[PDB]
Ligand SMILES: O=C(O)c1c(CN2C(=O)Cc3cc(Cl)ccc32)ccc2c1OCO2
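What follows is one chain in structure tokens, specifically the form deposited without this ligand.
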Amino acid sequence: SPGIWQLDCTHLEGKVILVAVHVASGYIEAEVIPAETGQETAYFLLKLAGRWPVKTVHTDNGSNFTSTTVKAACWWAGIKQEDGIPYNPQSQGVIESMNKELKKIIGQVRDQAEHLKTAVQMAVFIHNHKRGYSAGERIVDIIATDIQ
């Protein structure tokens, strides 16, 4: 559980927002890309695994589960690649709610930048800092406890 992440893809302004969520804490990382490809997903995972101890990634769809480039990034980074089937149905709702919340925050900051990528990083900041612990505090505490 300290090492489990979930990929999530949502759309805004004709672009794709790729999100990785640390399941146990709700902490997120995100980026803006023109379209979701295996190559871009692979690169996103390489970045993620260099920054946090990623043991397992539940992929966001079957195309990314199948992608040889995504499989190659998971091999490279020592990540167990898994499907994202919501065997627990509450998983769908949680991700849906998170996407709605993210878009709401993006709307609240949207006029503070020209480019969507900038607004998305402001939204990541606000989400991770919101408290009563924050998601950012929770992920560090969870991982630190696991190390000790």
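The first residue of the sequence shown is number 1, and the count goes up from there.
Just so it is clear, the following notes concern the form solved in complex with this ligand, a form of the same protein that is not shown.
- Using a 4.5 angstroms limit between non-hydrogen atoms, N88 is distant from this ligand in the deposited bound form.
- By the criterion of a heavy atom within 4.5 Å, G84 is excluded from the residues contacting this ligand in the deposited bound form.
- Using a 4.5 Å cut-off on any heavy atom, the residues of 7-33 that reach this ligand in the deposited bound form are, in sequence order, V21, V23, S25, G26, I28.
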